[PDB]
Amino acid sequence: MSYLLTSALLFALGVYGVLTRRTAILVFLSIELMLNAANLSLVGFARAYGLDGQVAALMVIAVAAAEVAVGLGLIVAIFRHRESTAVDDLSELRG
Amino acid sequence: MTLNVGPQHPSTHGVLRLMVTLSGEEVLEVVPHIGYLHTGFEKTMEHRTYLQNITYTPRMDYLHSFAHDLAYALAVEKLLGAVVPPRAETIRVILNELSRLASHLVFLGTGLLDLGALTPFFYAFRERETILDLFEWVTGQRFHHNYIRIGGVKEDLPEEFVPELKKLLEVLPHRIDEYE
Amino acid sequence: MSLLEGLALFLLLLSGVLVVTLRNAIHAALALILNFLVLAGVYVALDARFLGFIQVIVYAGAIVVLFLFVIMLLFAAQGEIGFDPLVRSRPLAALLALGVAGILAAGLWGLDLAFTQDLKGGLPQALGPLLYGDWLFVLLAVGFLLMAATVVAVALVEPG
Amino acid sequence: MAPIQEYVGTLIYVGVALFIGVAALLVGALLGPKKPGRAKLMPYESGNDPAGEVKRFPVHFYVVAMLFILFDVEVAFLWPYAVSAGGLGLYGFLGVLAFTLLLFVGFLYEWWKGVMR
Amino acid sequence: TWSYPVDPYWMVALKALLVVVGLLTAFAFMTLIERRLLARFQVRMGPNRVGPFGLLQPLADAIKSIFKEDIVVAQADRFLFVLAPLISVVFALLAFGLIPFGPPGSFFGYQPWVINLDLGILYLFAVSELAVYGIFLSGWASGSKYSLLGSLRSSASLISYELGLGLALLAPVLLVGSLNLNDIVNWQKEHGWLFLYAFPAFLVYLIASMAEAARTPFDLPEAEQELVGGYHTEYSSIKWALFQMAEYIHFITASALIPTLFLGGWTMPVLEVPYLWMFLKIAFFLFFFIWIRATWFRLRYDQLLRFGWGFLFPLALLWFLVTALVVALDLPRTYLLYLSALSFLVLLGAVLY
Amino acid sequence: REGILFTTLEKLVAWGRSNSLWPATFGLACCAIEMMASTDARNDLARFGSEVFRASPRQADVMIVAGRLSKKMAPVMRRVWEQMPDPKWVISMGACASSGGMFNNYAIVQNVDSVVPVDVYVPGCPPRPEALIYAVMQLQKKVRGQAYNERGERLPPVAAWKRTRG
Amino acid sequence: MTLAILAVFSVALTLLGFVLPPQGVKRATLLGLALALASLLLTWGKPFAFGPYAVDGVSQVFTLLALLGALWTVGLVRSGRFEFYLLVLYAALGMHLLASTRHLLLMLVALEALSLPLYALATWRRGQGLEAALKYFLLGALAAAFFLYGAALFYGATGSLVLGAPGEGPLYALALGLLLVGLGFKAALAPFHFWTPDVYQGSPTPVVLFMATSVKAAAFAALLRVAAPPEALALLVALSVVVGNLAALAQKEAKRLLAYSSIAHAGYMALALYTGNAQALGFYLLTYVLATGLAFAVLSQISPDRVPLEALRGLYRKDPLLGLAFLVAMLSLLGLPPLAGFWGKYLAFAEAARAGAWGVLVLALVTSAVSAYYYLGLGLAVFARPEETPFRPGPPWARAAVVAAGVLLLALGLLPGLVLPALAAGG
């Protein structure tokens, strides 16, 4: 029960992350902490309703990992040529 | 990435410096820069007599010391136009080729170690010690031996240098083969 | 419980604060490794052992290396590069963070139920029959995702 | 379940190891005189750095890493089958093979295209 | 352990402490012996003075190593510089206490393991990934970009082989049906030493635990004679000893796992007696690697990459499918014997003519 | 803490260091090739911890300056010395290094003592391998504190506080 | 199966693509989709499970659409790597899968399967198109965390991980709210809309086609299985329909204008969700897909890059048929009767009024009159003085498509009672 509250806190923290950072890769890093917040929650309930929440969690891991790989990959290919990773120095598309 | 493969280190050879123009995976250029042992023979020898010069010729190369000595000797002998008795030229080829073997042995010894792993060094060296010991007998010393004195060598071959030479001539064929 | 419990959850949260506050990518990422250990421990404690070990192996052993390689690859000496009109927005950001916990907190005092089932310790024996049982479809979905990821990833990076 | 007895015990092992580690490091750290220099301080031989602080490195390292993550997820899943494998029958084997061929298809693509750039 | 005894926590600590200091002193006198067994191979005598037979030469070495100036260079990450050796040694140390050496009830009222889990192999696998943390951090830590580039070379390589280890342990795991070291040992007692039913898994494992810094990659690198190996090269006093150390404790750990898994723990059809037969199996593989170490060259990191990544893993999963099929249709174990026997024959005629 | 105190302890530490001397070679010319000789095979050397092939200054500590040493090379060698941890000794092998040998010129740097303090000299061009063994025995017994010379004076074991590094 | 064709072709083609020339892979992939389409028609109305995969009334209709969009976009582009088809293929599968499930984990896995290749497809390496890509990925990845967090609290409130099981007090209320967020973002219901203006501008035109048809279809498909609270819906719609239509007046770059439009249409469609329907959205999206598909084909025929508003003008001179097509399209999205766009609106509105939510429905309608500013802003601009700008006319290939779409469009305008009968929700 403690754990399920804790999970929401780690989610909250990640959000504070996602909004503050000025380096793009660390944004993405923050996202990962939120994702593990999720898996904790899911797992906590897995103790309540017995054993499917495990298999659930594993599937989440794989998806998360997939989105890491592609995402950092993208970050790499965009800013290998750019010499600063400043996120708010990308601004021409705007209303 | 122009990389500075520095004086000797960290690839532990000579004292050459090489500026490696590198893309990252693809070697593009090496700019070699030399000048780390310019101790000027070309100058120094202008201030020492001809007998003395025979002692500055094996101090340049050293893996093959005697070849400089031999090369220099000839150049003078030729110049003032006086023969070399026949036995002299015989001794001189026996030593010259003996020093050549000495050089190749050190070359293959270092190379193999250089990239590659440890062992083949020691065998290539082992044989090299024997050659140096043979040399030791006849000229009184190891590499950097001075034995030419214009017109021939400066002492006879000792009694003992021929027996010991025979020993080493038996072994070498089998021995070379193990490097192959 | 709450003697030991406190320790683990304090550590976890504290570590959490660090990874979103600190300066410099390496110290940051590294904190997240301490995080995933704690979390792994907490898994083990909650009768999910298998999942625990996978937490270490994948998420903390595979993933973060990839992170580290990116932040080494392209350097990162500031977690706060440039200065730009975003400065006041630090307090509204910190506000909203509280909010998103607040509403979720509210919800969780809204269904409170028993924690009381068995799980077999979560050992991969007892997960097996389910996984390739009726979850076999979900699995093959996973498998497709990975393949797509590889191919996508290549197409972004190498020209080709 | 499985006994908790040894997991606590694991932590014990770690606690021992870390202690002996750190102890050694403090022994090492305190003894041996001090005297800074002008080129001990400024890094290695030829240039400021002996890579002279070049910018950016091949994407190779990214590729190798990326490969490793996805495929480590592969390994993760094949363990549940690996332990209890006789329980699942022929239908089991067909499932596993199916999954594997998908990830191997990945493999052959990124292989023919290049681990090298 | 659902059927085996457990230890008293104080006694865990004692056995643990013993296994640490045991592995230090182990490493010490082994290094001396490694020098010397090389020496003889390269027609020489190693340490021979520092009497009574060399036996104090390691003492001298250790004492030398400390009492030297440790200095952190300008341009280095303060925190990491200190941490980085610790990390590398911790993750080497762990998982020697996992593997049993004797049978139960024979450590004088106690058990011959530190832990024994209920998920053995995963823990093992896990520690092998975490050493590589130590490595690349050191790279950055040193703050010379030369070291960094080296350390990435290293890490990249290590991690490539890391994947093969996963598929390597699957072959005996099927057969034993549990994944705890003890069960693997007892399994072998009856049915046969596991290198028999899974010759290709012996192979792929052997050379894959080999590939951890242990020469024959070696554009690992070690600094000398190349675009340098990182990590070290900017570390001086105590810290340096630790890296070097770690690499050897790993070496010996690997020399133990290959017996534990594949040729029986201490099971024999000649005599089981607790410690001894294990120490001898260790002894063999230890000695085997040093002969390898001497007599062949080094690989490029190009080649090394082709080899594990491109070659080994297709053999590793290929073997997995075969063995999974065989077990799935629930067939006789004779059918693995024939194939094993055939693979050994394939690889024999191909090398030896 | 700094350094060492107590009669007992120092005698211990002094044995430990002294019998373990670890060479970082600084090959430079013909002198070098004979120094390699001293390792292999028939000749001894591997009996004082020098067996392993060490060749970063960081990982070792007695610098064997073996060969002629050009004007251009002085700052390089200088810097190499500076980058050694604190108890660091220089055997100076060979005449070109020791005094300048037979080269007395604009080019060559005469008497190695310019670029560092020497400790033990071993004369010859080259001195044959066995002489180098003798040199390291000298340096061994020097560091033990039994460093007296004809003038009755002892040299302090480490001389490298004799000169400065900066 | 349908799944069978996609999966098989995709995997096989993966390795295959090395041998074949890039035109040949365009040929291959076209065939593949079309076969997938074939298999769809001939198995219509037989609901078939085989796992969590479950083909039903919803699935059939929306994956018809998803496949449609995918056929078109693959048509137009000439590549330099076989991969810029391969990734699209994948993406189509991902959207197929998204519709044909009801189990939350499949839904997650599907969400990455459809979203991932989209990020990469945002790159023809045009500098804008990297800025675009990034925004989308980070915002997407944020939503990934949200939708995943949503699922985790859902499992808490109910034993099922499938959608369906009673529903509870607060927690169930909570969980359902965070799920609408994820899904919301993919369909661009405000106030998650933020990426839709930048990405539509930044990405290369044919790609944008694909997003503006397929992702909207797919997104709605899965959305429909969510039993969304009537309050949530009301919020979303208001924000979508107001911000969408008003802001769109300010814009003057063609694609970005259409982006804002594509917020508004999502807003109207989300009305249908009240009582839930699959006939209403079936029809609606049919008219929307055709119209946008037509329209963006035309924009491509203008130029590959950012199309200034003026560039449209003179389209009738350049070719008559094509010029008229685009007109019909623009009127259709405004919904001027008797065009099919009107019926699409009407059916959706009818479900709102049954549900009794009055206010929303009024607001929607008022601002739907606003929409006529910019729609005519395009549609009439067509006829004026011809511009001197880049253009090309394309093959008979494209002519047939565009003009097919425009006839097909107004055909359903007069006879909606053809399709509507058999867009059954049960078979």
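Letters A, B, C, D, E, F and G mark the chains as written, and numbering starts fresh at 1 in each.
One rule holds for everything that comes next: contacts are C-beta pairs under 8 Å (C-beta built on N, C-alpha and C of every residue); 3 or more make two chains touch, one makes a residue touch a chain.
Chain identities (UniProt): A = NADH-quinone oxidoreductase subunit 11; C = NADH-quinone oxidoreductase subunit 10; D = NADH-quinone oxidoreductase subunit 7; E = NADH-quinone oxidoreductase subunit 8; F = NADH-quinone oxidoreductase subunit 6; G = NADH-quinone oxidoreductase subunit 14.
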From chain E, the most remote chain by mean C-alpha position: G
Of A-C and D-G, pair with higher C-beta contact tally: A-C
Whole-Å separation of chain centres (CA-atom averages), chain A against chain D: 21
Distance between chain centroids, defined by C-alpha means - chain B, chain G (Å): 80
Chain centre separation (chain A, chain E; CA means) in Å: 35
Where chain C touches two or more other chains at once, by residue number: 47, 49-50, 54, 57-58, 61-63, 65-66, 69-70, 73-74, 104, 108, 119-121, 123-124, 127, 131, 136, 138-139, 142, 144-149, 151-154, 156-157, 160
Multi-partner residues of chain A (at least 2 other chains): 4, 11, 14, 48-49, 52, 58-59, 61-63, 65-66, 68-70, 73-76, 80
Residues of chain E engaged with two or more neighbouring chains: 43-44, 67-71, 118-119, 122-123, 148, 152, 159, 179, 223-224, 228, 233-234, 237
Interface residues, chain E side, partner chain C - complex: 77, 79-80, 118-119, 122-123, 125-126, 129-130, 132-133, 136-137, 139-140, 148, 152, 155, 159, 179
Residue ranges of chain C in contact with chain G within the complex: 103-104, 106-108, 110-111, 134, 136-138, 141-142, 144-145, 147-149, 151-152, 154-156, 160
Residues of chain F defined as touching chain B within the complex: 26-30, 33-34, 37, 40-43, 53, 55-57, 67-68, 70, 72-73, 76, 80, 96, 102-103, 105-108, 125-126, 128
Interfacial residue positions of chain D with respect to chain B in the complex: 45-47, 50-52, 54, 56-58, 60, 116-117
Chain B residues within the chain E interface of the complex: 3, 10-12, 114-119, 121-123, 126
